[PDB]
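This report concerns only the one structure given below.
Chains as they are written, first to last, in this note's numbering: chain A, 137 to 386; chain B, 71 to 312; chain C, 49 to 291; chain D, 195 to 427; chain E, 8 to 118; chain F, 413 to 653; chain G, 518 to 715; chain H, 451 to 694; chain I, 215 to 458.
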């Protein structure tokens, strides 16, 4: 027994490529399209709920996850890899920040934490890189709104808007046309829905699409009252109904 | 690839066999055991004239009653010598006496097969066998003078005389005819000095060759160059004598 | 290079063959199973095949009682199935000890899925060639069906099927629900749900069953149990007096 | 074939064989012959010692494990030292803790189990030596044959090593005869030397070449070499 | 609290003659004011012509003797049945005792 | 965790990883050391694959292990640092426990041991380095010069060289160094050293550095000029014929 | 405890340390030098528990010398003292703490000013014109508080110390067998072999 | 066993070279170019952002210039994620030194430590090396302004001017051509931009594709100041130097 | 491609684990052994090939007991068999120590099952070269089991493995049909003796020694005991008679 794989499984080829990272990226390419758009007063991340069977209950499988009350994530690639990455991210936000400073980490730092976790699966002994790319959107007092992308290599970069997965090239192009630095959150949501339509083959409604936003504080989602400085989470997943209402004005 | 402790289809351990090959490439070492002491000689074999010959140490002391010669990857012998010195000294501390030559040898040979990448038997942390054979000579009350050949295989044989290194097959054949149960220490000396000269590439002189012995009376001693040079002259004369 | 097919590292196409071949192993038993949700119960049917006459039929099962409330049916080799069952039980017991309440079906599923995801990423662990279908009547979610595969993937189902002739059972069930328009078998007694279950098993597989050709597990409020050859026979008789 | 399934003990060949184990067994055959036989009162070990040169000694092949037990080796000497040392500890343990002498049959089981561990895990190697264990315990005289595969068998007599088959057939023949050599060690030993010489070919057993050991009823396991074995040549 | 030690009484005497030596000891074993045995040997023959006795706390005295006898056994195993000279046995015992320098064998030993 | 046997024997009795370690030494810049009657000189050549360096800060080739002992080398630079550090640490430990600084042979035997050890430990490759160690034993005036190599073997030399084209320069030394009359002067010893390097440096005033070590921790490195002066006086020795 | 005194004058730091080593009923030595040179311009005096005292001093010495070789540079007095404070502050919470108090006197060649540091076994560090450990301060601080001047010459420092030692030899119950005095300045460390009657 | 899948990242080639190091260096040669130029009154670090988009947020971006200390910064060429791992440990080492000696860490000591860490992945552990090369720009009171460079092998050297990443040969030749010992920060800033400008594999050299930093000792103060230029600041200096 | 059969935990393209299958070959190459469940117990029997007249008769016992109520016999690599029983013994001691009651046969079976299944999860170990038939009496009845190198096991009415497993299985199936009411321990012992004799034909070349053991609520009080003396000979005869 005992993991005797104490050597790297990702190494440099004569060309200078890191095979496993490349292959991991290829896996990301085959994944369902997902995207994020930053507005002046919020951020929107969305993807398609590619139900693997009509007997499956798509709601019981969220591709859009809340990491902190002001940060959310979405991805393209291997779903199981994403799931564990979210668990690890939620925990690291606590262990490496909330338990030390008494507050949630700012988007760039949590992103940086996730990236580190991914970089290690690229060098540690006996493992393969994560087969996913994440798009993390959040907000924090001193940085405002932000959107980041994290790839299998562990690299991450800030975006105004971008897409990953299957039709990323097409979608990125369509986004470059409609994005400006004066978009309001609703505008971004609209643009997001349009972009996502071009990537969807079949049904396109609030039950096939998953979309969340980082926006104003939702005091109604706090669960308690009595502490002035606590106003509620900025992260909010839209409801099936809320999406359809916006699809009519498509 | 292949495990470092794998058996060949013939029932031998590759690494140990390949180890014996490196030993064949080492400088010659010879030992003769007589009822008057045991002689141990080696071929310095410096690689350049600028190399100070006396800094070549292929004959070392284990304890006052035990010394040894080495042949092969000499750097691999340091930890072996250390273990030996420690073993003999430790034995003295625990039993207020000298460690028997056989026991000291058996201790050294115990390190031998302690190699591998995780062999189920203890914690043999050593990547490869030693690449050097040793001639261990000494004296003790129970079995008098003794000569042992310790190999990286972990086995050690007792000999009346023995040669290891590049000129071993040749030198050993010589020893086969020259050795007899009544050799005197002086005879063994010349005899070792002679065989070395036959198998050595260079012309044997007191600078590229070194002698030593161990006697019950004075223990292990390494002959200084002046002492050997004379013994060399004495050999040339007895040879030219017929 | 060609070893990207022995351990779980990516292939130039971003694939994990070992996980794929593990999926292959799940059909090795040539057994089909299906699960459906009742109004307040959850049923799981699985073919039972005992070839050797020297075997004690009573000890041949692919259904397991994981906890007082959770049942699990396994599609795949028995040894890997039993390895998954033990782990699930240990996990279910510990959860109760640490958090003070019974582990929910979906959570147990996620936990097993994550453990699988790991064999998918660490090179020294091989995946288990099995598909796990968890069922129960969750105190918060109601009748529940959650299934996990060698890829570490999992999701909840209105109903589901697994095995060589999975596709046929699936389309059969899909059709029924397109028709009924509801996401469950609108029956008050689990007995009738078990009957619906077995009935569609037959229609889809085009085969008749005796009392020893099936294996049934039922999950109700605060309890999950498996039926006996006789409890089944009573079921087979009832469906007979309708056709 | 073989070449692809003999790189380590952790691999089964397509036919269910373990080549590394088999290659180990080969080391035994290349080892000098040794014989073992017992009556109802004694057990004897006769072993042919092999020498390197005519200037070298004849490597010892018999090891005493306790006052009532001992063995003979054929193959890698170092591995016999390890295994016999382990047998010495096990006998010692039985005495110190239970004030009981270790049963020869129990020793056999312990050797089998130690050898087996080295044939199922990555990294190790099988032991490359065969052993013949003799001893007198609470159930009389005993003789055991140990193979690196981990297989240990109790017999009336046997031999292992090069040309061992000679002595083995001789004993399988002389059976009814020596099994009754009770109360007469010298007769048992001579019968042992007669079985061992059935595997000679090269030379003839000499004084510094023959090695014998005996144990029994009122005889603590003792080893005879040289002059002491002269009266048997 | 638990006291790991006890006193079993007894007395032993060792005298060295010119070419002989004796080691004697009473055979009474006690605990406080009670006699545990009127005959419990305390001086032992340890092989190689060496007799020893560890008087004081019997459990410790027994362990020591038992440990030394086993030492003689291995001495033979490791040094080709060489005889353990009494001077060597002495140094050996010193190490056996000093090994428990911080939780001593509560005995006065004589060989 | 990683303990793969990287340095093992091959059928012909060789240990390729150690052998290849030597190849890395051949590739390194040349180094030479010659002992006079009252000093030891260490010369090293400076590469020129790239030139625009800051000589003040760029790591020098000759390192002090203690105040009376220096170490130069040929091979992987990154590897030499590991040895130098361990040697410097062992130098202080020795002074701390024996209350006396290390002899040159001792310090050398230490470095060599570390090297030998890396040739038969799992999970590690041998050092791609060879070293020249020189200095004066405490309270002694007799010069010492030793050399070590990947295998772990070591010995003393009257003069020796390592690195690329060491074959060439060694020849120069073998037919230019008389043990009967070693460079009786710091000056003539430094000259012989510069001469040996010129056989391979090909006009390199800024490509040749020298360090002089005298008894009692007296160690100093020459400046470009001081050296350049030696080169000049040497090119004339040739032209004047 | 022993006598450990230090005074920082205009261009040097002077350290005075008792020569007696008493073990119970007897004075085993009257020529003990309770100091270690850490680097050419830094000296450390020490007093405390029997064995710990020298072991600590030598341990510190080793580390500074190693740093000097590795960097071919001499750490500033302030740097060497922070290193030492940290070593003691670690020890204070270990299994068996070093019971040693030290005075570190050094001449900062970069700043061209002498510096005196006082650090007790807890890792308490302070920089002062003059300082001491143990009871010594109790008898001497009133004399130093009175006569001390920042511009004193080394000669004036030695006179002020002599005064301190005399007060100590008058009111202190123990015979510390005189002191060994050392000066640390821009030119290094030297010992005043003549204080037995200066 | 596992041996079968071990790439053996730490062995020698028959020529005595380290495969992995060599291949990692090859990887680095495709990374955006980074330049380091040391003047008499300061140091200049400039780097070219590899790959960019209209949507990439540049104000919040940093992929090549990192602050290690208040007196030391590095320019990165290679795997960003690998660089970040090393940068963080470099930052910790700096603080350990500070806490121990109560003095900022001398520039070389920090560089040698980071390089030693790299050297490790080269001799033991069986792991791939870091696909990173650093240009260190820092200041201390023993050597003043210093410029260093460290690569996957664990080797480091000092420079008056240097580059890492793509087209270093072209960049080095251009620098060795116009560099002068008595340069001034402003001069160096200009040289740096000109060098990148001629080695870019891109059309033009715009601000959105650059990162810039300078370590000067602001005359009106007496202390050292690091300045990581902001988008707009780069855009400005880009016009002034005549590249618009 | 190929090579899927060189490492132990590898799935071949068709979802198999070749090393486990090659392990089976080692089992089929072994001596035949069986087990028979009776109305209140179980009987075990095995073929012991007499390599030569030198083997002391009755001495080399093969059947092993676990705790005091369980019997185990196997075919294949004997040493692997012992290894498994040793674990079984620790497994049983542990269970009794915590729960007081001796371990139930079903529970004991899974203990052996999980352990064997475990040796098919890594390439650092080899599968077991034995199939094991074991069982005994517990709180509710008798139980017979057979465990394959894959870790697979089921409860049986009768079971056999090794060289003559087919003959044996054949004979066993006959008994199953001709005795729906249940065989008695006394009868099963004889029947067993026969089945070994018959199945010995697939190895009729070498002479052998018969070995039987049983655990019957009525005949042995639920304790595993070896069949010796009279009861043994009586069964040997019953066989020798129906072998002609």
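Cβ atoms here follow ideal geometry from the backbone N, Cα and C, with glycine treated the same way.
_chain H residues whose Cβ lies nearer than 8 Å to that of residue 573 of chain G_ = The contacting residues do not exist; residue 573 of chain G stays about 17 Å from chain H at best.
*Please decide whether residue 55 of chain E counts as near chain B, where near means a Cβ-Cβ distance under 8 Å.*
Residue 55 of chain E does not count as touching chain B.
*Below 8 Å between beta carbons: does that hold for residue 289 of chain A and residue 213 of chain A?*
Not closer than 8 Å, so no.
*Three-state class that DSSP yields for residue 98 of chain B in the structure shown*: DSSP places residue 98 of chain B in coil when its eight states are reduced to three.
*How do the stretch 618–626 of chain H and the stretch 589–602 of chain H stand: do at least 3 beta-carbon pairs fall below 8 Å, yes or no?*
In short, these stretches do not touch, since the Cβ pair count stays below three.
_Reduced DSSP category for residue 318 of chain A - H, G, I as helix; E, B as strand; rest coil_ = In the structure shown, the three-state DSSP call for residue 318 of chain A is coil.
*Assign residue 386 of chain A to buried or exposed, taking buried as 16 or more other Cβ atoms, counted over all protein chains shown, within 10 Å of its Cβ.*
By the neighbour-count definition (other C-beta atoms within 10 Å, threshold 16), residue 386 of chain A is an exposed residue.
*Checking contacts by CB at 8 Å: is residue 451 of chain H closer than that to chain D?*
It does: the Cβ of residue 451 of chain H has a partner Cβ on chain D nearer than 8 Å.
*At a cut of 8 Å, does the stretch 541–558 of chain F reach the stretch 616–635 of chain F through at least three beta carbon pairs?*
With a cut-off of 8 Å, the stretch 616–635 of chain F and the stretch 541–558 of chain F count as touching, because enough Cβ pairs lie within range.
*Starting from the C-beta of residue 549 of chain H, find all residues in its chain whose C-beta is less than 7 Å away, skip the five residues before and the five after it, and write them out in chain order.*
Here the set comprises nothing.
*Proximity to residue 440 of chain F [Cα-Cα], best of H:588, H:465, H:639 and H:492*: That would be H:465, whose Cα lies nearest to the Cα of residue 440 of chain F.
*Counting pairs of Cβ atoms below 8 Å between the stretch 172–184 of chain C and the stretch 70–79 of chain C, do you hit three or more?*
Three or more pairs of CB atoms, one per stretch, sit closer than 8 Å, so the stretch 172–184 of chain C contacts the stretch 70–79 of chain C.
*For the stretch 614–637 of chain H, which residues have a beta carbon sitting closer than 8 Å to at least one beta carbon of chain A?*
Correct list: empty, as no residue qualifies.
_Rounded Cβ spacing between residue 404 of chain D and residue 427 of chain D (contact assumed at less than 8 Å)_ = Between residue 427 of chain D and residue 404 of chain D the Cβ distance is about 6 Å, and since that is below 8 Å, they are a contact.
*asked:* Helix, strand or coil, according to DSSP, for residue 275 of chain A in the structure here?
replied: Residue 275 of chain A: strand per DSSP, three-state reduction.
_Three-state class that DSSP yields for residue 58 of chain C in the structure shown_ = Looking at residue 58 of chain C - three-state DSSP - the assignment turns out to be coil, as it is neither helix nor strand.
*Grouping DSSP H, G and I as helix and E and B as strand, with all else coil, what is residue 545 of chain F?*
Three-state result, residue 545 of chain F: strand.
*In chain order, what residues of the same chain lie with their CB nearer than 8 Å to the CB of residue 260 of chain B, ignoring the 5 residues before and after it?*
Apart from sequence neighbours up to five positions away, the residues of its chain that approach residue 260 of chain B with a beta-carbon distance below 8 Å are 301, 304, 305 and 308, ordered along the chain.
*Got a sec: which bits of the stretch 196–219 of chain D sit with their beta carbon under 8 Å from any beta carbon on chain B, in order along the chain?*
Closer than 8 Å at the C-beta level to chain B, one finds these residues of the stretch 196–219 of chain D: 196, 200, 201, 202, 213, 214, 217, 218 and 219.
*Counting pairs of Cβ atoms below 8 Å between the stretch 481–489 of chain H and the stretch 558–574 of chain H, do you hit three or more?*
Short answer: they don't touch.
*Is the Cβ-Cβ distance between residue 219 of chain C and residue 181 of chain C less than 8 Å?*
No, Cβ-Cβ distance for residue 219 of chain C and residue 181 of chain C is not below 8 Å.
*What does residue 609 of chain H pair with, by DSSP beta-bridge criteria?*
As DSSP reads the structure, residue 609 of chain H sits in a beta bridge with F:465.
*Determine, using beta carbons only, whether residue 371 of chain A and residue 208 of chain A come nearer to each other than 8 Å.*
Between residue 371 of chain A and residue 208 of chain A, the C-beta spacing is below 8 Å.
_Restricting to runs no shorter than 3 residues, where is the beta strand (DSSP E) found entirely within the stretch 43–104 of chain E?_
Counting whole runs of 3 or more residues, the stretch 43–104 of chain E contains the beta strand (DSSP E) stretches 58–63.
*Which residue's Cα is closest to the Cα of residue 406 of chain D: D:380, D:211, D:195 and D:283?*
Closest option to residue 406 of chain D, Cα to Cα, is D:380.
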